[PDB]
Every structure is written in C-alpha cells, then in structure tokens.
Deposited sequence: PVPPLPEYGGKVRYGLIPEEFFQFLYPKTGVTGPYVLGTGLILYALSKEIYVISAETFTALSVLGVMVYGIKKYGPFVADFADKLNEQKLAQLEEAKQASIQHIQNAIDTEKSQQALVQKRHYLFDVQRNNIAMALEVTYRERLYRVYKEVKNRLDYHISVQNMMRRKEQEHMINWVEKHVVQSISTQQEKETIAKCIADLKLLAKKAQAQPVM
C-alpha cells in the first residue's frame, strides 16, 4: 500500500488547518486568532498560566527549536528524501541486473542449440573422405592396369622399331661396302657427257 504524499497541513507546527476551516463559516478569517488571543489573555489574567522562571526557560527552548527546525529542516528533509531515492535506485538496478543475467542465460542456451544443430559436419566430412579415398584408389588402379598393358605393348613396338633401324643401317652400309668390291664403257661415257655439256 503506497503512502500518501503530504501530511495534514498544520499551522505554526501546532494547530491543523482543519480547525481554521472549521471556524471560518462562523467567525471569518479572524475567528481562530481572536479565540487564541482571548484564551491566552484569559489564562494570563487569571493565573492559569503563572509567569515564572519556566516562562523564560520555555521561551529559550522554543526559540532554539524554531531556529533549529527553520535552519536544519531543509537539510533533514532532503537527507531523508535522498536516502529513499538511493535505496530505490539501488533496488531498480539490482532488479534489472537479474533480468539481464537470466536473459543472458537464455541467449547462451539458444546458442548451444545453434551449435548442436551445426553438429552434422563431422560425419559428412568423414563420409566425404571415405568416398574420395575409395574413388582415388579405383582410378589409380585403372591407370595402373592401363599403363602396364600399354607399356608391354609399347616395349614390343619399340624393340621392333629399333630392330628395323639397326637392320636397315647394316643393310645400306653393307650394300655400299659390297658394291665397292665390284668398264671402258663408262670410261668413254664420261668424256661423252663432258662433250654433251656444251
């Protein structure tokens, strides 16, 4: 339950304004003061209030009290109000701080859920590597079998080629060396062609 804001509107710190309002309708604005004056003067004049040393003790205490409230009343009011504002501000920040802590926890949990949703890459990576290794080995095997069969066939064709080469070389130089082992007709025919040179 919230407190009200203002009190009861006393006057001179002694008499509430309800009394002045209550005597307004029947005695104007000066009714309460005329009544107070009359009662003070009646108490004095009839020795209901005996003037003594307590008159001056009371005057000094009342003066010290009025000066005290008037001078250190603003300070005390503002001190109480600032105490309340500081406790309120501290409580508000502590409330918001707990809100932020639990919101951070919620965020962290949703982040963990994002990770666990990303999990599957480890296993598709392993599957990638298995498939790729098997395919690499398959193609390497097919290249091995191809290249071996082709190498054997090309070794045959290369021995055939260089065999033909060495045989043809021996052929041509043998036939020269053997025609060297083997004609007045050409003797005359050389001069005949020299004559045909013209």
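Q: Missing C-alpha coordinates: which residue stretches of the deposited sequence does that apply to?
A: Gaps vs deposited seq, in order: 1 to 2, 185 to 192, 209 to 214.
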